[PDB]
*Asks:* 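Sharing a structure below in structure tokens format, with a few things to ask.
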Amino acid sequence: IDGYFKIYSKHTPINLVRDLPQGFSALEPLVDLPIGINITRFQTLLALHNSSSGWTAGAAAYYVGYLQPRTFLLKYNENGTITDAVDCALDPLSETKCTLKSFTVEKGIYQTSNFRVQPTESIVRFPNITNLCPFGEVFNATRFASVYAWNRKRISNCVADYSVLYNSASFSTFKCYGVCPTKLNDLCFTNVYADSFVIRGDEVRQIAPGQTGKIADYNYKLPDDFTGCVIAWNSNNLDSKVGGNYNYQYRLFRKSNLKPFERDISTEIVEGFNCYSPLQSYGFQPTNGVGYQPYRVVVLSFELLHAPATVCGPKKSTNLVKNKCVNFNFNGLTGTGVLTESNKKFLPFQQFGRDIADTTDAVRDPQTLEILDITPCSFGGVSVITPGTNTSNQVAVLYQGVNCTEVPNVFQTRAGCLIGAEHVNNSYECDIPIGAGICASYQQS
Amino acid sequence: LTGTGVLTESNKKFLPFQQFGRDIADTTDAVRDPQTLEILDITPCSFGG
Amino acid sequence: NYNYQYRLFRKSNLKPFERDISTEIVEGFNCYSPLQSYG
Amino acid sequence: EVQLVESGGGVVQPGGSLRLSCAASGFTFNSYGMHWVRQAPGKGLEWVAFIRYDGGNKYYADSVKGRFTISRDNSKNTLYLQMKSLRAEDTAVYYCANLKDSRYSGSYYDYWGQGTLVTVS
Amino acid sequence: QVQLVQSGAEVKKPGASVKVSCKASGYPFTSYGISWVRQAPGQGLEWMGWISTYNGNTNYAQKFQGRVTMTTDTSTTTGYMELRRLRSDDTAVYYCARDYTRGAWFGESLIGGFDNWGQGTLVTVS
Amino acid sequence: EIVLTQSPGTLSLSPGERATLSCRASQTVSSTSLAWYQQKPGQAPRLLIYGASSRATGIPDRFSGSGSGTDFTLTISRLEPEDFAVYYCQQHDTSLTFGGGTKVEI
Amino acid sequence: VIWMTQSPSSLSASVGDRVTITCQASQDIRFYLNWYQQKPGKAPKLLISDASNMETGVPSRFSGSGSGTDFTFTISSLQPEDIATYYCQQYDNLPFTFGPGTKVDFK
Amino acid sequence: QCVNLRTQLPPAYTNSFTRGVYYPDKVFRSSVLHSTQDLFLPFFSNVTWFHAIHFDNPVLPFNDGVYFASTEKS
Ligand SMILES: *[C@@H]1O[C@H](CO)[C@@H](O)[C@H](O)[C@H]1NC(C)=O
Ligand SMILES: *[C@@H]1O[C@H](CO)[C@@H](O)[C@H](O)[C@H]1NC(C)=O
Ligand SMILES: *[C@@H]1O[C@H](CO)[C@@H](O)[C@H](O)[C@H]1NC(C)=O
Ligand SMILES: *[C@@H]1O[C@H](CO)[C@@H](O)[C@H](O)[C@H]1NC(C)=O
Ligand SMILES: *[C@@H]1O[C@H](CO)[C@@H](O)[C@H](O)[C@H]1NC(C)=O
Ligand SMILES: *[C@@H]1O[C@H](CO)[C@@H](O)[C@H](O)[C@H]1NC(C)=O
Ligand SMILES: *[C@@H]1O[C@H](CO)[C@@H](O)[C@H](O)[C@H]1NC(C)=O
Ligand SMILES: *[C@@H]1O[C@H](CO)[C@@H](O)[C@H](O)[C@H]1NC(C)=O
Ligand SMILES: *[C@@H]1O[C@H](CO)[C@@H](O)[C@H](O)[C@H]1NC(C)=O
Ligand SMILES: *[C@@H]1O[C@H](CO)[C@@H](O)[C@H](O)[C@H]1NC(C)=O
């Protein structure tokens, strides 16, 4: 375990000649060594001697078994010694014993667990978009705009591989809000908006939700419910000039603060006492300190509307499986369930339906535009019907609310599928109640 | 292992590898003394309404 | 002091308290030495 | 002495399904993990899937992942491969094997079965 | 890798026209535009124009205004250029290249150049 | 349009020697809008440097360059037999133009 | 996924000739490489494991070597019975992969 | 030092019954029923029975841990 080689042992006399004893005992810790190595194979070492037959030995034999992850109920006696145990995965009776935390079970019916049908296949469906998103066209631009007059571009009808930006070492910051950047490739959006500008290093701190300052208030602001990523990098070698690259400016004065994604390029104040030009140039120079050097900033904002997505990450569309329990993903809409043809009369503008539980129960396929119904895979409770353990160890199992055809002495009742019980056409007083007029008893079977 | 309580000689038959005992309340009710290696029982000091 | 170096390339990320001192990549197009010295 | 016998091969259509099995004898099957490997006529070997001795974990190649399922029965010493949504490219001879592997299978020996041909048309 | 393939050499009379193709492979056709230049025997590079593979937008050197036109075919991932009203001075080798100097979507200048050049198409006018 | 002038016309150098090639624009050109090319006899030209700070794919590290204002430089730290070719400067700050070209020969 | 390649794709040689096969991994697989031999109509047979570990029963004329990404297989004295296609398998990481194989023919 | 030493013998199995249980930790408990999750030998499992001298001792997989037992006086 984690590099620790643990040994347990026990040594007792045995009355058997050539087998293992039927009974119970526990092994005690012998040694625990911090070895720190991987083990995949092993071999047993024996002592040999040189006889007339060559290298030989007296009779020797051993047994080898393997361990598996299991749950056990262990019983400690008064002296703190383990005297008994239950393997909770051995059979339905042992499961009942573990559930009831006892080695003895009384006559009756007990619910021990639940069953669920697992998905047999996975499918993925995305829009048939072939173009790639022009991110390089924005990031690798020769010039960026001033912050008081920030630019915006819309990205649509394309595939966006966000790992090209995320894993880039060219960026000093890559701060995402509302979304994890490593998961962007699994999402679809209606649109993505890219805003860009040049500011000082120290001003990059203002490019976020809930911020204030000369830039946050008068040049560029993000909303409190912003979802997107803020990307910035040093451009001192590009956007700086000797004498000051005063071509870049920012808004210094305004009568009121801006709203999110607002822009104001008015040049209204002549100058004089208490009268100043609203814009202030940047003294961007190659010899400036790190926080005073120019940085290029790009902000990617995500848009979600009830409409076919036009910006999706990398896609691997598959075929469509029906009438089976499957995993699915419709334009980012993941889940597990059975998909079938729908009888729901959707109107052309409707892409999916919803229940009162706030779940999707029907979708429009992004490629065929047909409507599919979504249902959960079969599940239900499992109960064990037993005589007391003082009578017998034979049990019957009831699968609640399910057909016997979906389960894999098999009787179908209104309570569910009953397996292990022998149905008879006689009638008696009710012993162990099952439901809907049906009871069971020990008559032996 | 800090705490408050009365310490007495234990009658618990600890095995050599066992340093302490635990109750169902997830509390220690016996320890092995680090110097004498004897087992001590731990009980709460008297209280009531 | 290029005597001090660090790992720059690997095909997968390390687990906690893991160490890897392999020097496998010759260099060429899309082929680089895994270690990078410090200036 | 040690035997691995593939069966269940046949001819099916695209979009259909087929279940293969491999009987094991002569060795402690329940102690070893197992691999499926397939080979088209005139082509090299393609690894398909691996399953642990206990039937716990399952591994698949990207070429079959999401379509094929590997399973086993340690009571009947039999290895299984359940293939759905079959394609023409799945035409190959499918082998069960106990591959010698110092890291994963833990086997010190290497055994291959006869192989069974599956055709999708 | 990324490659461009052009047409073979042709000989034309004065007043005629020549069309040169540029078949692209190894990259997404609509990610990068196709640029065109030519070189007269023993001379340097003369820019003719550039076409966006994404939206079909074109830009030309002033010298070739009204003389050179361009088009793209996305289904065959191929660019084309045509020079009309040929003269004896149009004897040159014509080249295409993958462009990273102008955006194909926004038309803005980018940090890049002409790469993945074709083999060149020789056109003679007599 | 902006005209690019290269200098010197031709360098005469032995194998193993260092070479420097200059280009001057008639107008100020941003470094982000400039590139360098190389051409061998009978062959199509190739991009060597774009942005004046970044080499093209497949280009050896012996190729470099820099510049500002109107004056830009292409350098080769050591000439190989394959470097004795014709080089061009290009800008796309205004329209798109190429220089007259410069040659390096033995 | 770790990709395996082999060189040459095929070769021919006479009896007594020395034959070598080269394998290369896209990733460092230490010495975790198996060498398999296959003839038409038959399942693959393992000759070497862990790069250079010769399997019991394999003739002394066979050997293997190499490490990291670069591995080799050698036959010191080719016999008429050694005409077969050899494959490299890496088992450092799941999923496991096989190389394209190298064919040895008769000259 | 090393000696250059033949045929593996057929496999055989026995019933593990309820053997292979051990103390999961070193904490003292008494007069109590405790549920635990760990690697154990499953009850009534099929255990492989080897005879070194009916001659070899084959290399076995370790898997997730091994239960070993040997009955002898020698
Ligand atoms: C030990 O096994 C782990 C997997 O559990 C693997 O990641 C690690 O590299 C192995 N150590 C060595 C030296 O192979
Ligand atoms: C065992 O016996 C063989 C044959 O007599 C002999 O060659 C070998 O040296 C002996 N080894 C020992 C330790 O006696
Ligand atoms: C505990 O051990 C004592 C002997 O020290 C013995 O008399 C007693 O019966 C044991 N109790 C149990 C439940 O085994
Ligand atoms: C997918 O292709 C079909 C035609 O085969 C077309 O009708 C459908 O609208 C396409 N899906 C999208 C999102 O464009
Ligand atoms: C910007 O250009 C460089 C090549 O100079 C390229 O490696 C990088 O991926 C481009 N960035 C984007 C977002 O395409
Ligand atoms: C359990 O069975 C025994 C007979 O084996 C009987 O004497 C005893 O009373 C039974 N216990 C209960 C609760 O019925
Ligand atoms: C499931 O059980 C119901 C009765 O509860 C029966 O009407 C129905 O036909 C059964 N379905 C199948 C497939 O047998
Ligand atoms: C009960 O009666 C039905 C006919 O209604 C018959 O099919 C069934 O086999 C009988 N079962 C028993 C145990 O007699
Ligand atoms: C042991 O015998 C094998 C042949 O079975 C031989 O190849 C090997 O070299 C021998 N080892 C020694 C130490 O003699
Ligand atoms: C033990 O192996 C036999 C086959 O020899 C099988 O029938 C039986 O079910 C197995 N028992 C267990 C618990 O695996």
Side-chain angles (χ1 to χ4, degrees), chain A residues 6 8-10 19-24 26-29 39-45 48 54-77 79-82 84-90 94 98 102-103, chain H residues 2-5 11-25 27-53 56-74:
Chain A
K6 297 184 189 292
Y8 305 79
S9 67
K10 184 74 178 178
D19 207 353
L20 298 174
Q22 182 174 346
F24 182 94
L27 275 64
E28 298 178 19
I39 298 168
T40 61
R41 297 177 184 157
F42 76 99
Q43 186 173 32
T44 301
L45 300 174
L48 308 179
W55 290 103
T56 190
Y62 53 93
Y63 302 89
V64 179
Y66 293 95
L67 307 178
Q68 295 189 49
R70 294 289 186 275
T71 299
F72 281 77
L73 178 66
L74 302 175
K75 180 178 179 181
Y76 292 86
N77 70 4
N79 287 298
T81 296
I82 299 168
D84 205 348
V86 180
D87 182 342
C88 299
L90 179 62
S94 294
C98 292
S102 179
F103 287 70
Chain H
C2 297
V3 178
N4 223 355
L5 302 175
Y13 303 89
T14 191
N15 194 322
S16 72
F17 293 101
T18 58
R19 301 290 176 181
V21 174
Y22 61 90
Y23 292 87
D25 61 14
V27 176
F28 181 83
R29 293 182 174 86
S30 66
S31 299
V32 64
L33 273 63
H34 181 75
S35 175
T36 187
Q37 181 177 8
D38 210 330
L39 301 170
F40 298 96
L41 184 69
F43 281 1
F44 302 103
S45 66
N46 275 289
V47 177
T48 302
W49 187 8
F50 292 94
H51 294 82
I53 306 295
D56 206 346
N57 293 280
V59 177
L60 305 175
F62 190 74
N63 295 338
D64 295 315
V66 178
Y67 168 80
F68 184 97
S70 63
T71 61
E72 64 167 323
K73 299 174 74 172
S74 298

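Naming: A, B, ... by sequence-line order, numbering from 1 per chain.
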*Asks:* Minimum heavy-atom separation for A/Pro21 to H/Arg19, with atom names?
*Replies:* O-NE, 3.1 Å
*Asks:* Can you tell me how far apart CZ (A/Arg70) and CZ (H/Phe40) are? Round to the nearest 0.5 Å.
*Replies:* 11.0 Å
*Asks:* Output, in order, the C-alpha distance, side-chain angles, deciding distance and verdict of side-chain contact (heavy atoms from CB on, under 4.5 Å) for H/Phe68 and A/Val64.
*Replies:* CA-CA 5 Å; H/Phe68 184 97; A/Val64 179; 4.3 Å; yes
*Asks:* Would you check if the side chain of A/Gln43 reaches a backbone N or O of H/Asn57 as a donor-acceptor pair within less than 3.5 Å?
*Replies:* yes
*Asks:* Under the criterion side-chain contact (heavy atoms from CB on, under 4.5 Å), I'd like the reasoning laid out for H/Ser35 against A/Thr71: C-alpha separation, chi angles, the key distance, then a yes or no.
*Replies:* CA-CA 7 Å; H/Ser35 175; A/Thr71 299; 3.8 Å; yes
*Asks:* Do any N or O atoms from the side chain of H/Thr18 and from the backbone of A/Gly23 form a donor-acceptor pair under 3.5 angstrom?
*Replies:* yes
*Asks:* Is a side-chain donor-acceptor pair under 3.5 Å present for H/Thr14 with A/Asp19?
*Replies:* yes
*Asks:* For a quick test of reading the model, state the closest non-hydrogen atom pair linking A/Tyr76 to H/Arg29 and the distance between them.
*Replies:* CD2-O, 3.8 Å
*Asks:* Using the side-chain contact (heavy atoms from CB on, under 4.5 Å) rule, take H/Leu33 and A/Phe103 through it: C-alpha gap first, then chi angles, then the decisive distance, then the call.
*Replies:* CA-CA 10 Å; H/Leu33 273 63; A/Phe103 287 70; 3.7 Å; yes
*Asks:* To the closest 0.5 Å, what do you measure between CG (A/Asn79) and OG (H/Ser31)?
*Replies:* 8.5 Å
*Asks:* How many angstroms lie between CZ in A/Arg41 and CG in H/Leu60, if you round to the nearest 0.5 Å?
*Replies:* 11.0 Å
*Asks:* Can you tell me which portion of H/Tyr67 sits under 4.5 Å from chain A's heavy atoms? Options are side chain, backbone, both or neither.
*Replies:* both
*Asks:* Would you say the rings of A/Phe72 and H/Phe43 are close, in the sense that their centroids are separated by under 6.0 Å?
*Replies:* yes
*Asks:* Kindly give the heavy-atom pair with the smallest separation between H/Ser70 and A/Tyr62, and that separation in Å.
*Replies:* CB-CB, 4.0 Å
*Asks:* Given heavy-atom pairs under 4.5 angstrom as the criterion, report whether the side chain, backbone, both or neither of H/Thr36 touches chain A.
*Replies:* both
*Asks:* Which heavy atom in H/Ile53 sits nearest to a heavy atom in A/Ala57, and how many Å separate them?
*Replies:* CG2-O, 3.7 Å
*Asks:* Can you tell me how far apart CG (H/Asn63) and CZ (A/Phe42) are? Round to the nearest 0.5 Å.
*Replies:* 8.5 Å
*Asks:* Between A/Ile82 and H/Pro24, what is the shortest heavy-atom contact and its length?
*Replies:* CD1-CD, 4.4 Å
*Asks:* Taking the inter-plane angle between the rings of H/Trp49 and A/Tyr63 on a 0 to 90° scale, is it parallel (under 30°), tilted (30 to 60°) or perpendicular (over 60°)?
*Replies:* parallel
*Asks:* Would a 4.5 Å heavy-atom cut-off, applied to side chains only, mark A/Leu48 and H/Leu5 as touching?
*Replies:* yes
*Asks:* In Å, rounded to the nearest 0.5 Å, how long is the span from OH of A/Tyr66 to OG1 of H/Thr48?
*Replies:* 7.0 Å
*Asks:* Compare every heavy atom of H/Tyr23 with every heavy atom of A/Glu28, then report the nearest pair and how far apart it is.
*Replies:* CG-CE1, 4.0 Å
